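For reference, the chain that follows is the form deposited without the ligand, supplied as structure tokens.
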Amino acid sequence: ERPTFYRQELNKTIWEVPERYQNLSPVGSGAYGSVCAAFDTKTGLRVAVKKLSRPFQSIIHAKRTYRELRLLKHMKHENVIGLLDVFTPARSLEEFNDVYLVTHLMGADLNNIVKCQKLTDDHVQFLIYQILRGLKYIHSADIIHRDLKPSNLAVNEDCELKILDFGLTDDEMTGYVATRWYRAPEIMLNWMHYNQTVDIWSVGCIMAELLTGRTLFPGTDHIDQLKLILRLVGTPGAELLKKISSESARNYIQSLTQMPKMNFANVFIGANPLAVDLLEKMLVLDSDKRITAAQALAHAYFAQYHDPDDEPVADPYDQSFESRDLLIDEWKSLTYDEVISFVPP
């Protein structure tokens, strides 16, 4: 059942893939590996074929490679980037070295959408609706995205959306950078263990922006960002304070001049009041009191799209491997096993 593979060198990289993938075209690269756009003659879609570079260079890499493959194979939802195929030209574990992932190619991320046009409220309900729909699925499996942002949301000409490369160095989070602007404060300052409510905070930031055309919390750094946040939602109370482990963070938080939550109706002037209500429920300083993806889908803002019968949950995702210490060669074997055992949808 092994498909026939064919080799070729495109932009200094050798690609050895099944013949079902045609017209490969280099669409970029990075620290992760090279990526080609291709015509998948089986599904008929335009796909992204990524060749992982040195997936087993070290224990840490070998694990990351395994983790991403595991996460991609699990996701089966219209609003979440799923795995269309995974392969290696190797005929055995001894020859196993390169890994290729095939995912659907959506076109552009949310950032590129907003650059080309001005989104109506109807566009925003639909886009947030889909994000929440995919998040309910993700969360039902006890999986946290961890780094939801406009660049991690692919959209197409029909406004359909899919959540991309989930959270898998802080340097990328320093300064006036977008990569940190959508992060819940409790994880930004390592105040506590992050749970899925961290994603709901990212959604509020994104929805606010789509409504105003402006970044909700464009901090010049972590502290500046924290002040922009506390200013909007108020400084912490005693109940939220007890939940912060670090005695230093508490002392710091208690040093700030206390402020009340601002009126969201006067921040998001002219926005649909339902959207304003929902944002107040998403941007709650205490993560335990944030609205859940499931609860949010049922909020009146989404009445035109909500359908409790077309908002599926996922099968349990087993992440026991996360707390497992193995050698590079063992992680590689596990990875190999996941590849050859892949079953097309």
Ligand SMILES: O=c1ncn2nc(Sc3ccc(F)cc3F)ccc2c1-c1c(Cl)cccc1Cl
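Position 1 is the first residue in the sequence shown; the rest follow in order. Heads up, when I say rigid core I mean the largest set of C-alphas that superpose within 1.5 Å between the two forms.
The same protein has a further form, the form solved in complex with the ligand, not shown here; the description that follows concerns it.
If I take 3+ ligand atoms inside 2.4 Å of backbone or C-beta atoms as the clash criterion, is the pocket here open or blocked once the ligand is superimposed from its pose in the deposited complex?
Here the answer is blocked - the superposed ligand has 3 or more atoms within 2.4 Å of backbone or C-beta atoms.
Establish, in the deposited complex, whether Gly107, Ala154 and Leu168 all lie within 4.5 Å of the ligand, using non-hydrogen atoms for the distance.
Yes.
Which listed residue (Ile200, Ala208, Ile81, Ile131) meets the criterion of a heavy atom within 4.5 Å of the ligand in the deposited complex?
Checked against the cut-off, the match is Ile81.
Check each of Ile59, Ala298, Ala48, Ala314 and return the one that places a heavy atom within 4.5 angstroms of the ligand in the deposited complex.
Looking at the other structure, the residue within range turns out to be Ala48.
Segment assignment from 211-219, 261-269, 89-97, 158-166: heavy atom within 4.5 Å of the ligand in the deposited complex:
Selected stretch: 158-166.
So, in the deposited complex, is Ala294 in contact with the ligand at a 4.5 angstroms heavy atom limit?
No, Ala294 sits far enough from the ligand in the deposited complex that none of its heavy atoms falls within 4.5 Å.
The ligand contact at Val27 in the deposited complex, heavy atom, 4.5 Å:
So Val27 counts as contacting the ligand.
Shifted position (C-alpha, 2 Å or more, core held fixed) between the shown form and the other one, chosen from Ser246, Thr212, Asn272, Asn156:
So the only displaced C-alpha belongs to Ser246.
Align both forms on the core first, then report whether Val313 has a C-alpha shift of 2 Å or more between the shown form and the other one.
Not so; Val313 is displaced by less than 2 Å.
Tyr32: after superposing the rigid core, is there a C-alpha shift of 2 Å or more between the shown form and the other one?
Comparing forms between the shown form and the other one, the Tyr32 CA shifts at least 2 Å.
Please say whether, between the shown form and the other one, the C-alpha of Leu327 moves by 2 Å or more once the core is aligned.
Shift of 2 Å or more: no.
Given that the distance between the C-alpha atoms of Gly30 and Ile206 changes by 3 Å or more in the deposited complex, do they end up closer or farther than here?
Those two alpha carbons end up closer in the deposited complex.
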